[PDB]
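Below you'll find the structure, written out as structure tokens, and then a few comments.
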Amino acid sequence: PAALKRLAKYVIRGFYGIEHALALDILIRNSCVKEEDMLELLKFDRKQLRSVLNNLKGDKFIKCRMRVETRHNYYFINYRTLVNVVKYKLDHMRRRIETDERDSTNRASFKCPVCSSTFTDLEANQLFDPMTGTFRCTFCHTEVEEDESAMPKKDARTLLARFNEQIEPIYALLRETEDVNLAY
Amino acid sequence: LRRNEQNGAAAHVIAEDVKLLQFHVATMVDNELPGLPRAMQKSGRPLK
Amino acid sequence: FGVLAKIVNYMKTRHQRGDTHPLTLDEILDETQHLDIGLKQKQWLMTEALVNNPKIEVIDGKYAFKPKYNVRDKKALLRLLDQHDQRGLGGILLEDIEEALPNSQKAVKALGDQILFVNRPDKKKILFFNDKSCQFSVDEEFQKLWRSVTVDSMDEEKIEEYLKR
Ligand SMILES: [Zn+2]
């Protein structure tokens with residue numbers, strides 16, 4: 001290993017449970033600590049430790065194969081996958097938030113106070129008075145209501161920039177990744 | 001199931017919940033499944 | 001032999017006093033309202049059998065220092081935790097009360113110092129630690145929007161990154 005994976009997992013704990021964070025830190029030794037040896041050292045309940053290890057295994061962080069022999073859980077910390085897993089997690093996340101941004105720009109735009117029946121901007125001809133100028137609802141000629149939200153007045157959002165900034169430590173740590181090792 | 005996934009509930013909780021969801025859907029499609037329990041109407045009468 | 005376990009409980013309360021000093025059996029037997037005759041000799045045979053397995057430490061000379069972990073201060077807690085996290089991790093609910101002031105002022109002395117006390121284990125367990133490096137404060141919406149299954153898509157992650165590349 002190298003400082004890459006050390007700092008990486010150290011900052012990766014920040015997402016999952018801090019109870020999982022202590023267990024991840026126990027990978028300080030790559031010695032592949034066994035489940036019962038972990039009960040001796042981590043001492044978390046066998047059920048709590050089992051749940052925690054399984055949750056840490058599911059996201060492809062670590063891999064375990066207790067053989068048979070007392071049985072010895074083949075604990076691990078698969079670092080080669082770790083980097084790709086974190087990259088895909090942010091890769092999907094950056095996509096989901098940008099799509100949420102763009103998909104939030106569409107709305108009916110109009111309403112009637114009574115009858116609460118949004119129409120569309122396209123209904124202007126039906127929802128209008130040749131004379132009075134105020135847009136009036138079809139089955140209640142008493143509408144005045146314009147837009148509950150006018151439009152994306154602000155820039156894209158503070159949400160996207162907030163993700164950009166709160167993750168600048170993660171971006172910088174993946175810049176420290178910088179492919180230190182060309183191995184498998 | 002949606003709330004469990006939202007909260008990040010236990011994997012076994014989600015697994016059993018998905019099992020029950022599958023059972024309910026398959027039972028609604030067909031209540032005469034081979035070697036599986038029958039969904040009653042709280043009165044002993046199997047649902048149609 | 002039951003009176004012997006009672007003597008063990010007595011010396012446990014003696015630890016609780018914090019005035020633990022090198023002692024012997026006669027003074028304890030007197031203060032616990034029991035005599036000194038051949039009965040003390042047979043119970044001392046049992047007591048030496050105890051000295052063969054005295055997890056509650058009962059040594060022959062200067063002794064009775066039960067707690068496998070035993071120091072007494074806020075600095076003591078800090079430094080023991082420090083060396084143990086150099087060893088890597090540790091701490092249980094019984095350690096503090098066996099080692100130090102009576103089960104109060106300890107969660108207090110932990111929360112007061114720079115140590116943000118670690119009570120993460122089960123309701124009856126406190127794995128003490130002091131955390132220095134920052135758990136990256138992540139918005140809960142970001143903390144759990146991060147939840148996209150990706151539970152067994154290994155080759156899929158390879159190819160997906162190769163695609164976005
Ligand atoms: Zn109306």
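How things are named: the first chain in the structure tokens is A, the next is B, and so on; residues count from 1 in each chain; ligands count from 1 in the order shown.
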
Name the residues, by chain letter and number, that sit within 8 Å of ligand 1 using only C-alpha atoms and all ligand atoms, and give them as an MDAnalysis selection string.
-> chainID A and resid 112:117 136:143

With N, CA and C atoms retained, could you export that selection as a compact mmCIF listing (two decimals), in the first residue's frame?
# COMPACT_ATOMS: atom_id res chain seq x y z
N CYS A 112 -55.47 28.76 -10.07
CA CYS A 112 -56.61 29.52 -9.62
C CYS A 112 -56.72 29.39 -8.10
N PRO A 113 -56.96 30.48 -7.37
CA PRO A 113 -56.99 30.36 -5.90
C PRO A 113 -58.04 29.39 -5.40
N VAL A 114 -59.30 29.59 -5.79
CA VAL A 114 -60.31 28.55 -5.63
C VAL A 114 -60.09 27.55 -6.76
N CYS A 115 -60.50 26.30 -6.55
CA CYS A 115 -60.47 25.24 -7.55
C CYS A 115 -59.07 24.74 -7.85
N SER A 116 -58.05 25.44 -7.35
CA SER A 116 -56.66 24.96 -7.29
C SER A 116 -56.26 24.16 -8.52
N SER A 117 -56.65 24.63 -9.70
CA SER A 117 -56.48 23.88 -10.94
C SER A 117 -55.46 24.58 -11.82
N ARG A 136 -58.85 34.35 -16.24
CA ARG A 136 -59.96 33.81 -15.46
C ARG A 136 -60.09 32.31 -15.72
N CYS A 137 -60.30 31.54 -14.66
CA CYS A 137 -60.40 30.09 -14.75
C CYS A 137 -61.63 29.67 -15.54
N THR A 138 -61.57 28.48 -16.14
CA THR A 138 -62.62 28.01 -17.04
C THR A 138 -63.95 27.82 -16.32
N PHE A 139 -63.99 26.92 -15.33
CA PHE A 139 -65.25 26.63 -14.64
C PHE A 139 -65.44 27.44 -13.37
N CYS A 140 -64.63 28.48 -13.20
CA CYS A 140 -64.84 29.53 -12.21
C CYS A 140 -64.21 30.82 -12.71
N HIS A 141 -65.02 31.76 -13.17
CA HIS A 141 -64.48 32.94 -13.82
C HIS A 141 -63.95 33.93 -12.79
N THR A 142 -63.04 33.47 -11.93
CA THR A 142 -62.53 34.30 -10.85
C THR A 142 -61.05 34.07 -10.55
N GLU A 143 -60.22 33.92 -11.59
CA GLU A 143 -58.82 33.64 -11.35
C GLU A 143 -57.98 34.92 -11.42

Please identify every residue of chain C that has at least one atom no more than 12 Å from any atom of chain B, counting only C-alpha atoms, and report them as a list in words.
->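 Listed by rising number, the hits are residues 140, 141, 143, 144, 145, 146, 147, 148, 149 and 151 of chain C.
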
Grab the CA of residue 109 in chain C to CA of residue 12 in chain C distance for me, in Å with one decimal place.
->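 It comes out at 23.6 Å.
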
Work out how far apart CA of residue 32 in chain C and CA of residue 1 in chain C are and give it in Å to one decimal.
-> 14.6 Å

Contact residues around residue 20 in chain B with only C-alpha atoms at 12 Å, ignoring same-chain residues under 5 positions, as a ChimeraX atom specification = /B:1,13-15,25-27,37,39

Any idea which chain C residues end up within 9 Å of chain A if we count only C-alpha atoms, as a ChimeraX atom specification please?
-> /C:88-92,120-122,125,127,133-139,142-154,157-158,160-161,164

Mind listing as a PyMOL selection string which residues of chain B are within 10 Å of chain A, counting only C-alpha atoms?
-> chain B and resi 10-12

Write a file of the selected residues as a PDB file, in the first residue's frame, keeping N, CA and C atoms.
ATOM      1  N   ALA B  10     -31.240  -2.278   7.939  1.00  0.00           N
ATOM      2  CA  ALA B  10     -30.433  -3.490   7.873  1.00  0.00           C
ATOM      3  C   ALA B  10     -30.660  -4.222   6.557  1.00  0.00           C
ATOM      4  N   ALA B  11     -29.580  -4.793   6.023  1.00  0.00           N
ATOM      5  CA  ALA B  11     -29.681  -5.528   4.767  1.00  0.00           C
ATOM      6  C   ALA B  11     -30.634  -6.705   4.895  1.00  0.00           C
ATOM      7  N   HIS B  12     -30.599  -7.409   6.031  1.00  0.00           N
ATOM      8  CA  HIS B  12     -31.540  -8.505   6.238  1.00  0.00           C
ATOM      9  C   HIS B  12     -32.974  -8.001   6.365  1.00  0.00           C
TER      10      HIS B  12
END
